[PDB]
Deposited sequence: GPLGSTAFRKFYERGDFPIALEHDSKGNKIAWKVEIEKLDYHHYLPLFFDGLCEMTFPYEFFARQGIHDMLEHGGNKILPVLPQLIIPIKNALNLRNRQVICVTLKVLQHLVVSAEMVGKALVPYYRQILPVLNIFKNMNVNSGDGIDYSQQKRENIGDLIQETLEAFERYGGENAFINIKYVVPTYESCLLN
């Protein structure tokens, strides 16, 4: 939020603040594989709250590229992402929720064991979804099924504990 905006204007923001006429790709000043994800990834997740142009564009594109190319750099940082995820979701803004759920789907397929590691944090991040359970209702179901799919044997029941109405036939 304010944290991300400060980040955005600093020389150490790793993305070049420029637009190419060819398309909407972001240009990295610094190679992604060279970033300490312990520092940078939570800063980008702070941007989930962002709804203002151009902050939200760089937050979203940045998260996406770092998740896509993070490899084994992502899982070690998972605990640091939970509070920014929770904070975004608990705003109870549908647009922010829809971006955050798509991000979460990317997160749990981004690397091995990440879906499994998310399970102990279900109770921190799922509760607001009950308000918007059934468009956002379908996105929620879809997201919960991703969590189950890549979350190991203990995933269904922990989803169900937090989201009592959850059902699934994978």
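In this chain the deposited sequence has gaps in the coordinates at 1 to 4, 139 to 155, 192 to 193, listed in sequence order.
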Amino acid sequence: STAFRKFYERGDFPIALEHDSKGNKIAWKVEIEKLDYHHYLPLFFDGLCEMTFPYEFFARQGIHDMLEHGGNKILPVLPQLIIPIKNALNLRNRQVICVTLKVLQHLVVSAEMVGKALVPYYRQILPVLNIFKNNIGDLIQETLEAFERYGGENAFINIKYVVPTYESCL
From here on, numbers count along this sequence of modelled residues.
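Legend: mean Cα B-factor per stretch from the PDB entry, 157 to 165 versus 18 to 26; the higher mean is in 18 to 26.
Legend: mean Cα B-factor per stretch from the PDB entry, 135 to 143 versus 111 to 119; the higher mean is in 135 to 143. Based on the entry's C-alpha B-factors, the most elevated value among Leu129, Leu43, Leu104, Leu67 belongs to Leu129. Taking only the listed residues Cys49, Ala59, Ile125, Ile32, the entry reports the highest CA temperature factor at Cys49. The entry lists a Cα temperature factor for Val96 that places it in the highest third of the chain's modelled residues. The deposited CA B-factor of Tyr37 belongs to the lowest third of values across its chain.
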